[PDB]
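Colleague: Before anything else, here's the structure in question.
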Amino acid sequence: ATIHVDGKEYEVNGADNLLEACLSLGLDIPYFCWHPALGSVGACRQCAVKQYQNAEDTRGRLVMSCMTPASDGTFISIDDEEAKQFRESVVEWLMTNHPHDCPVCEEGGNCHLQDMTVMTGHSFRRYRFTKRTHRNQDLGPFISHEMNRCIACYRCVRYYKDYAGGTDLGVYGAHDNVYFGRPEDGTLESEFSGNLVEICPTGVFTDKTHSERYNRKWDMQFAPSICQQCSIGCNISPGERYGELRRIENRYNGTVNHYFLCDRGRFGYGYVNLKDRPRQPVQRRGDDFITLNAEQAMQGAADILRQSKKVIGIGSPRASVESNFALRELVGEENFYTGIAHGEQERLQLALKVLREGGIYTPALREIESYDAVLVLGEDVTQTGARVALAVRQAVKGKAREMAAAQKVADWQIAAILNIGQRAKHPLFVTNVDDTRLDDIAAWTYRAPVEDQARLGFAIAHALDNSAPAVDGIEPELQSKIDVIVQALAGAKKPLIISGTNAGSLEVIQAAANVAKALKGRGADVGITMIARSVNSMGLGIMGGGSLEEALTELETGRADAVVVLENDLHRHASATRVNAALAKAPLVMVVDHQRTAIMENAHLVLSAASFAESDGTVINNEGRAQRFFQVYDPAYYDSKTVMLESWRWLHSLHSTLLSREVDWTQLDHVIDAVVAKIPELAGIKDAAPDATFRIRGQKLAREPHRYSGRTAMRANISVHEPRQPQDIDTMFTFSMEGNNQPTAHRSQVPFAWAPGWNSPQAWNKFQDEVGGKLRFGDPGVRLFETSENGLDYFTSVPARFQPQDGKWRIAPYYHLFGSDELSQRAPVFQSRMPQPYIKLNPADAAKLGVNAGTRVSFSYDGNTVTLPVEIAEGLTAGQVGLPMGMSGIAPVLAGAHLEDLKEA
Amino acid sequence: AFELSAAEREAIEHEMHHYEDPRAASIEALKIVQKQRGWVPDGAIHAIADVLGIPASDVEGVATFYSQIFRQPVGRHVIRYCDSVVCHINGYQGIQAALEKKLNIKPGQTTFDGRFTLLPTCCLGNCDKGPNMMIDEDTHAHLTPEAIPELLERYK
Amino acid sequence: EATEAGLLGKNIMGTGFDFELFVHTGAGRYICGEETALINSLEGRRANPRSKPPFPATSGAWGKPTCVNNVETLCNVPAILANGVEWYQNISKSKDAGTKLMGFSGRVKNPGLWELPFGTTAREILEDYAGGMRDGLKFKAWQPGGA
Ligand code: SF4
Ligand code: SF4
Ligand code: SF4
Ligand code: FES
Ligand code: FES
Ligand SMILES: [Ca+2]
């Protein structure tokens with residue numbers, strides 16, 4: 004199809020919208036109510052152009068660009084007199100009742116209404132009457148509400164209801180006293196409410212975490228990084244100022260995390276600006292905690308490691324590939340232990356086996372939305388990694404999209420699609436120990452013990468293919484729903500199976516692999532996704548190594564007298580008393596970390612590592628793709644006594660001082676070469692981003708905008724002499740604004756989206772070849788995984804039923820989004836969002852114990868009787884007890900374990 | 011502490027039977043609650059959301075969208091005088107001044123007895139019969155300012 | 149009365165056509181009269197209208213084909229199928245066929261509502277059926293349809 008804009012020919016798509024066709028060509032049409040991921044409505048009338056019938060026409064007709072199809076032979080005009088003055092009138096009407104509080108507003112240079120008011124060229128005011136006001140609401144710890152700034156373009160309610168599936172936001176009121184919010188005052192309980200900050204083109208929904216310690220957009224030093232909070236690895240843009248990380252924004256990537264984050268990754272950045280973090284190397288003798296610089300710490304640590312008889316390195320699933328490899332080179336391969344439990348490592352290894360050896364394609368986050376029937380086995384997807392759950396919601400809405408496409412209505416008008424749909428949902432079958440947040444859209448929810456979910460998966464695989472092992476003891480009332488799932492998955496063109504290592508059982512992974520293989524046997528386009536625990540747990544599994552238990556036995560046995568723990572708390576993956584005894588028995592304990600953990604006490608040497616804001620590194624997604632995160636700022640720019648170096652830098656210099664008695668502050672690309680030369684299966688990590696000697700037309704890329712203010716007074720409170728800019732020799736980025744952030748630049752990684760006339764987060768559409776699609780010049784991160792030619796075998800190990808036993812209790816994980824991450828609980832803004840430490844009991848189990856809901860109970864684990872308040876779980880089963888993993892005192896490895904002495908306190 | 015009565019719940023379920031969706035019965039459920047208790051309180055929104063299945067935000071949006079769903083406590087009798095054009099030509103300002111003089115209130119306000127609530131109305135649909143005003147499902151036409159205290163004193 | 153007398157129910161006059169009728173009293177908004185906003189209000193939503201060219205005739209209430217017709221529109225059609233077709237075209241010598249409930253309103257001698265064929269001049273209605281202006285009014289303006 005071809006169109007004619009201003010008497011100029013253009014070749015656009017015919018099946019898409021005219022507004023997005025014009026915005027894909029680099030043309031500027033103002034818009035408020037249209038979003039590339041939310042369809043098109045007429046809540047504003049901002050995208051008005053003048054359409055003609057044939058080539059020779061003068062009068063025209065004012066149509067909406069977002070509601071006109073971009074069919075073959077259209078003749079539209081954008082910048083004629085009538086459309087321009089009508090759009091000026093529309094911004095005048097929207098700004099007729101708008102508060103005069105732009106300098107005291109949170110948006111400022113991030114506001115879309117400012118850009119579209121300037122773009123339409125409306126400066127003079129002739130409205131002399133009174134304005135309109137509304138009362139504000141308390142939306143929780145993350146979203147500040149300022150309803151007076153609203154222009155009623157309905158984008159927030161459309162996202163929150165249609166896209167996010169939330170039940171909090173909504174439209175109230177009437178003609179002009181319209182309202183967008185909650186019916187009462189309270190916290191937005193959806194896990195995607197943080198996307199309302201950038202979805203709203205005005206300052207209504209703003210970031211409270213960025214409201215505290217606020218700076219403008221041009222004052223932010225940005226970097227492209229990867230969210231370290233769970234395994235989805237959503238591309239983020241952290242931006243800092245004055246030496247502290249201030250706001251994480253969305254970073255566009257049309258393959259993973261196009262437009263929307265989750266609340267955990269959006270608001271769990273508070274742990275990197277804690278004032279109790281290690282900033283300098285600290286060494287203890289007796290009770291004296293003295294402070295060294297980098298060189299003395301390396302010399303002393305190399306001396307003690309040389310005098311030791313055996314060194315062991317305990318890596319972490321939160322550190323980068325470079326840091327874990329640097330530990331793997333500091334210590335031997337024969338003694339290098341991944342800091343995870345044996346069962347969790349086994350689950351991770353079999354999940355990796357299903358990924359890179361199951362012969363079955365694993366989809367990325369964007370293409371989850373194209374599947375036709377989703378079966379989630381064991382995983383609380385909406386609470387562990389919620390972005391896959393949002394993509395599952397979109398995949399469920401794909402059936403309404405298909406029914407609309409059968410009636411030949413265009414795909415960009417979502418109102419007609421939702422009209423045709425009317426609760427027509429793709430089959431979603433979620434299994435969990437209790438209720439999920441996906442139960443409102445799921446075709447069926449299976450509340451059962453974890454072994455029963457595994458047997459359900461094995462029964463599904465057997466009924467889909469008789470070569471799979473059979474299950475004995477299935478009740479016919481459950482066999483009917485088994486048959487329902489079987490005919491739902493068999494008739495699906497693209498079935499999707501979701502599992503993960505957080506389920507706490509090997510057999511759930513086995514059953515999910517069996518179901519995927521049975522669907523692949525009958526010629527279906529089945530995909531599988533597995534939600535891992537941490538950001539780089541899959542990379543640690545690819546790297547491999549022993550478990551944490553083997554390291555502990557090596558510690559109390561006495562075979563190893565030196566331990567180097569890289570960025571691990573060591574209480575989440577093993578019991579606290581055993582780890583404490585093993586570390587106290589060790590003559591030398593080194594802890595390379597950026598968070599003040601519990602094991603840093605009685606640790607003979609502490610290296611102040613760097614977080615994702617202050618380090619460069621590579622992390623592997625749950626799907627297997629290896630993306631890389633860049634340093635945001637130099638920690639030594641302000642208060643230069645702190646060194647705060649990269650973890651791989653610390654370990655490489657320690658290895659160099661161990662070998663040649665001299666330090667070697669190496670480069671990132673040297674470590675990348677070492678990884679791709681030593682580990683053959685990690686050879687793809689030199690394809691995510693180019694080297695540090697990569698320039699677009701001879702210049703680097705700027706971390707900060709061209710209007711970065713206050714350069715000569717930023718450090719003036721401690722030194723009036725302006726220091727030299729920090730030199731970034733590791734990567735392709737410069738720490739000043741003397742770089743390149745042009746949208747038409749041959750690169751894949753963008754620190755921040757800014758275009759002239761587009762100062763909002765809606766400047767990402769200038770950085771893409773087509774808007775709402777993939778990013779221009781490719782996408783960051785390469786897949787690193789190829790589908791095997793042949794699959795695995797049918798896993799014959801089918802577990803038995805869960806029989807409750809007297810005097811013992813099976814522990815079931817719950818995995819809250821705001822409280823089951825080690826780096827998220829340390830954020831001061833999350834502490835009001837996590838629930839109180841609780842324990843769930845069945846009504847029958849509570850009646851047997853005689854305990855009423857809300858009162859304390861006492862249970863003993865590792866010889867420690869702890870008291871927690873109970874609450875009644877209707878969906879839980881008898882003989883089980885429920886716990887929130889990841890919390891303080893409740894390790895994530897406690898899932899699937901036993902419990903004793905549930906006595907009332 | 012809102013609690014739906016048995017008759018209200020049976021009426022809501024019976025209206026739910028008439029449609030393809032309980033969401034279609036949301037508006038009639040709000041009208042049933044308004045008829046029974048004079049107005050729709052804050053807990054009634056969650057009660058309708060619980061009996062139906064739709065979110066409470068949708069129920070609140072429906073309750074605050076339509077004009078004759080009162081979310082504030084009103085009097086025992088709602089006076090609804092016509093604000094439109096034909097009643098402006100026939101004269102509604104005289105009867106509005108008469109109502110304001112008799113009740114000593116403003117439109118949108120209620121009397122201190124909790125008896126009358128004065129409100130304007132979009133249109134009564136009885137334009138050919140002079141000025142129009144509706145009190146408690148009873149329309150009144152051919153109105154004059156001098157006939158307002160007589161028409162007001164026959165109500166409870 | 150219709151569902152008592154065999155009408156409006158199931159197997160109407162032995163035909164086998166099942167049709168049942170409801171009355172949905174609105175909660176009061178002027179926008180609800182628009183057909184797409186009528187559909188949205190009938191579905192118990194906020195009565196915001198919808199966008200054409202997806203029409204109610206192809207996708208209306210709950211995604212099903214519906215049509216919305218006025219009371220007068222549905223009330224002329226029993227006369228068409230009870231009296232005839234050419235009779236309906238031959239009651240007025242104009243291309244707007246049928247009869248319409250015309251009538252003047254607002255400070256006239258006889259405000260009311262009269263059924264007249266199309267092509268009747270407004271001066272005829274005002275000076276004959278409505279009775280014209282009262283003693284002292286000069287008729288400076290009028291609207292064909294109200295407001
Ligand atoms: S609150 Fe923001 S997103 Fe919602 S309608 Fe108003 S301007 Fe649009
Ligand atoms: S939302 Fe935008 S236009 Fe409104 S006060 Fe804030 S900066 Fe100004
Ligand atoms: S889904 Fe996971 S990776 Fe993505 S923003 Fe949330 S916590 Fe971060
Ligand atoms: S962008 Fe709002 S009318 Fe098109
Ligand atoms: S103008 Fe008042 S009844 Fe219509
Ligand atoms: Ca660096």
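Chains as they are written, first to last, in the deposited numbering: chain G, 4 to 908; chain E, 11 to 166; chain F, 149 to 295. Note that the Cβ used here is the ideal one computed from N, Cα and C, for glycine as well.
1. Can you tell me the Cα-Cα spacing of E/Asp60 and F/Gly211, whole angstroms?
2. With distance defined between alpha-carbon atoms, name the residue in G/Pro452, G/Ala451, G/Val433 nearest to G/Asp443.
3. Can you grab the Cα-Cα spacing for the pair G/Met735 / G/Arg813, in whole Å?
4. Suppose contacts are defined by Cβ-Cβ distances below 8 Å. Is G/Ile420 in contact with G/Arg404 by that definition?
5. How about G/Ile251: is its C-beta nearer than 8 Å to some C-beta of chain F?
6. Where the beta carbon is closer than 6 Å to any heavy atom of ligand 2, which residues qualify, in chain order?
7. Below 7 Å, is the gap between the Cβ of G/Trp37 and the nearest heavy atom of ligand 4?
8. Going along the chain, which residues put their C-beta within less than 5 Å of some heavy atom in ligand 5?
9. What do you reckon, is the C-beta of G/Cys69 under 7 Å from a heavy atom of ligand 1?
10. Is E/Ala16 buried or exposed, if buried means 16 or more other CB atoms sit within 10 Å of its CB?
11. Please return the same chain residues whose Cβ sits closer than 6 Å to the Cβ of G/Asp383, not counting the five positions on each side in sequence.
12. Would you identify the three-state DSSP class for F/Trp290, choosing helix, strand or coil?
13. Can we count G/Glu325 as close to ligand 6, meaning its CB is less than 7 Å from some heavy atom?
14. Could you please tell me which residues of the segment 62-80 of chain E, in chain order, have their CB closer than 7 Å to any CB of chain G?
15. Is the Cβ of G/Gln49 closer than 8 Å to any Cβ of chain F?
16. Can you tell me whether G/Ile417 sits near ligand 1, meaning its C-beta is under 7 Å from at least one heavy atom of the ligand?
17. According to DSSP, is F/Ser253 part of a helix, a strand, or is it coil?
18. Hey, out of G/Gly63, G/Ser863, G/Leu191, whose CA is closest to G/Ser147's CA?
19. Tell me, please, which residues DSSP counts as bridged to F/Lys248.
20. Using alpha carbons as the reference points, say which of E/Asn142, E/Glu147, E/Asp146 lies closest to E/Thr154.
21. Could you pull out every unbroken alpha helix (DSSP H) segment of at least 4 residues lying fully inside the segment 542-606 of chain G, listed in chain order?
22. Hey, G/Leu368 and G/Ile500: beta-carbon distance below 8 Å or not?
23. Within the continuous alpha helix (DSSP H) that includes G/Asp486, where are the two ends?
24. Quick one: does F/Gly280 have its CB under 8 Å from some CB of chain E?
25. Does the segment 640-648 of chain G come into contact with the segment 670-687 of chain G, if we say contact requires no fewer than three beta-carbon pairs (one atom in each stretch) closer than 8 Å?
26. Sorted by chain position, which residues of the same chain lie with C-beta nearer than 6 Å to G/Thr868's C-beta, five sequence neighbours on each side aside?
27. Counting along the chain, where does the alpha helix (DSSP H) carrying G/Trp651 start and finish?
28. Can at least three beta-carbon pairs, one atom from the segment 38-54 of chain E and one from the segment 170-180 of chain F, be found at a separation below 8 Å?
29. Can you give me, in chain order, the residues of the segment 163-176 of chain G that have a beta carbon less than 7 Å from any beta carbon in chain E?
30. Please list the residues of the segment 22-44 of chain E that have a C-beta atom closer than 9 Å to any C-beta atom in chain F, keeping them in chain order.
31. Would E/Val50 count as contacting chain F if we go by Cβ distances under 8 Å?
32. Is G/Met70 helix, strand or coil by DSSP?
33. Evaluate the contact criterion for the segment 733-747 of chain G versus the segment 205-217 of chain G: three or more CB pairs, one atom per stretch, below 8 Å.
34. Note the first and the last residue of the continuous beta strand (DSSP E) segment covering G/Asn435.
35. Pick helix, strand or coil for E/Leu129, following the three-state DSSP scheme.
36. Which stretch, first to last residue, makes up the beta strand (DSSP E) that contains E/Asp148?
Modeller: Let's see:
1. Mapped onto the second sequence, residue 60 of chain E falls at position 50. Mapped onto the third sequence, residue 211 of chain F falls at position 63. The straight-line gap from Cα to Cα measures roughly 25 Å.
2. Position 440 of the first sequence holds residue 443 of chain G. The shortest Cα separation from G/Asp443 among G/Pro452, G/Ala451, G/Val433 belongs to G/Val433.
3. Along the first sequence, read from residue 1 onward, the residue named residue 735 of chain G stands at position 732. Along the first sequence, read from residue 1 onward, the residue named residue 813 of chain G stands at position 810. Between G/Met735 and G/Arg813, the C-alpha separation is close to 51 Å.
4. Position 417 of the first sequence, counting from 1, holds the residue named residue 420 of chain G. Position 401 of the first sequence, counting from 1, holds the residue named residue 404 of chain G. The beta carbons of G/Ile420 and G/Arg404 sit closer together than 8 Å.
5. As a position in the first sequence, residue 251 of chain G is number 248, starting the count at 1. No, because no Cβ of chain F sits closer than 8 Å to the Cβ of G/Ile251.
6. Those residues are G/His101, G/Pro102, G/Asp104, G/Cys105, G/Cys108, G/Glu110, G/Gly111, G/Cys114, G/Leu116, G/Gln117, G/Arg152, G/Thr205, G/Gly206, given in chain order.
7. On the first sequence, position 34 is the one that residue 37 of chain G refers to. G/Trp37 has its Cβ nearer than 7 Å to a heavy atom of ligand 4.
8. With 5 Å as the limit between CB and the heavy atoms of ligand 5, the residues that fall short of it are E/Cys92, E/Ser94, E/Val96, E/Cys97, E/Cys133, E/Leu134, E/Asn136, E/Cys137, E/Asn142.
9. Counting from 1 along the first sequence, the entry for residue 69 of chain G is found at position 66. G/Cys69: no, Cβ never under 7 Å from ligand 1.
10. In the second sequence, counting from the first residue as 1, residue 16 of chain E sits at position 6. A residue is called buried once 16 or more other Cβ atoms fall within 10 Å of its Cβ, and E/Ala16, having fewer, is exposed.
11. The residue you call residue 383 of chain G lines up with position 380 of the first sequence. Annotation for G/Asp383: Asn435, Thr439, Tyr818 place their beta carbon closer than 6 Å to its own, counting only its chain and skipping 5 residues before and after.
12. To locate residue 290 of chain F, count along the third sequence from 1; it is residue 142. Note: F/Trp290 maps to coil in three-state DSSP.
13. To locate residue 325 of chain G, count along the first sequence from 1; it is residue 322. Result no, Cβ not under 7 Å from ligand 6.
14. Only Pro65, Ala66, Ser67, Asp68, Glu70, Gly71, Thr74, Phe75 from the segment 62-80 of chain E bring a Cβ to less than 7 Å from some Cβ of chain G.
15. In the first sequence, the residue the question calls residue 49 of chain G occupies position 46. Contacts with chain F at 8 Å (Cβ-Cβ) do not include G/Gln49.
16. As a first step, residue 417 of chain G is located in the first sequence; it is residue number 414 there, counting from the start. No, the Cβ of G/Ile417 stays beyond 7 Å of every heavy atom of ligand 1.
17. Counting from 1 along the third sequence, the entry for residue 253 of chain F is found at position 105. Coil.
18. Translated into positions along the first sequence, residue 147 of chain G becomes position 144. Of G/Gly63, G/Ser863, G/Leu191, the residue nearest in Cα terms is G/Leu191.
19. Position 100 of the third sequence, counted from the start, is the residue given in the question as residue 248 of chain F. F/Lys248 is bridged to F/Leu264.
20. Mapped onto the second sequence, residue 154 of chain E falls at position 144. The shortest C-alpha separation from E/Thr154 is found at E/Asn142.
21. Note on the segment 542-606 of chain G: whole alpha helix (DSSP H) runs with a minimum of 4 residues are 551-560, 579-588, in chain order.
22. Taking the first sequence and counting its residues from 1, the one referred to as residue 368 of chain G is at position 365. Taking the first sequence and counting its residues from 1, the one referred to as residue 500 of chain G is at position 497. No, they are not a contact pair.
23. For the purposes of this step, residue 486 of chain G is taken as the residue at position 483 of the first sequence. Per DSSP, the unbroken alpha helix (DSSP H) holding G/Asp486 starts and ends at 479-493.
24. Locating residue 280 of chain F in the third sequence gives position 132, counting from the first residue. Taking 8 Å as the CB threshold, F/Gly280 stays off the interface with chain E.
25. Put simply, the segment 640-648 of chain G does not touch the segment 670-687 of chain G. Fewer than three CB pairs are less than 8 Å apart.
26. Against the first sequence, residue 868 of chain G aligns to sequence position 865. The beta carbon of G/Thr868 lies closer than 6 Å to those of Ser861 in the same chain, with the five residues before and after it left out.
27. The residue you call residue 651 of chain G lines up with position 648 of the first sequence. In the DSSP assignment, G/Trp651 falls within the unbroken alpha helix (DSSP H) covering 650-663.
28. With three or more CB-CB distances shorter than 8 Å, the segment 38-54 of chain E counts as touching the segment 170-180 of chain F.
29. Residues of the segment 163-176 of chain G with a Cβ closer than 7 Å to any Cβ of chain E, in chain order: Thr170, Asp171, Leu172, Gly173, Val174, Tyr175, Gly176.
30. Of all residues in the segment 22-44 of chain E, the ones placed with a Cβ closer than 9 Å to any Cβ belonging to chain F are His28, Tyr29, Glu30, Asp31, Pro32, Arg33, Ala34, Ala35, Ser36, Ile37, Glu38, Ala39, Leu40, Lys41, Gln44, in chain order.
31. Numbered from 1 along the second sequence, position 40 holds the residue referred to as residue 50 of chain E. No, its Cβ sits nowhere closer than 8 Å to a Cβ of chain F.
32. For the purposes of this step, residue 70 of chain G is taken as the residue at position 67 of the first sequence. In the three-state scheme derived from DSSP, where H, G and I count as helix and E and B as strand, G/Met70 is classed as coil.
33. Touching, no, given that fewer than three Cβ pairs across the two stretches are closer than 8 Å.
34. Within the first sequence, residue 435 of chain G is the residue found at index 432, counting from 1. That run of the beta strand (DSSP E) goes 431-435.
35. As a working mapping, residue 129 of chain E is identified with position 119 in the second sequence. Three-state DSSP puts E/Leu129 in a strand.
36. Taking the first residue of the second sequence as position 1, residue 148 of chain E is located at position 138. E/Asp148 -> beta strand (DSSP E) spans 148-150.
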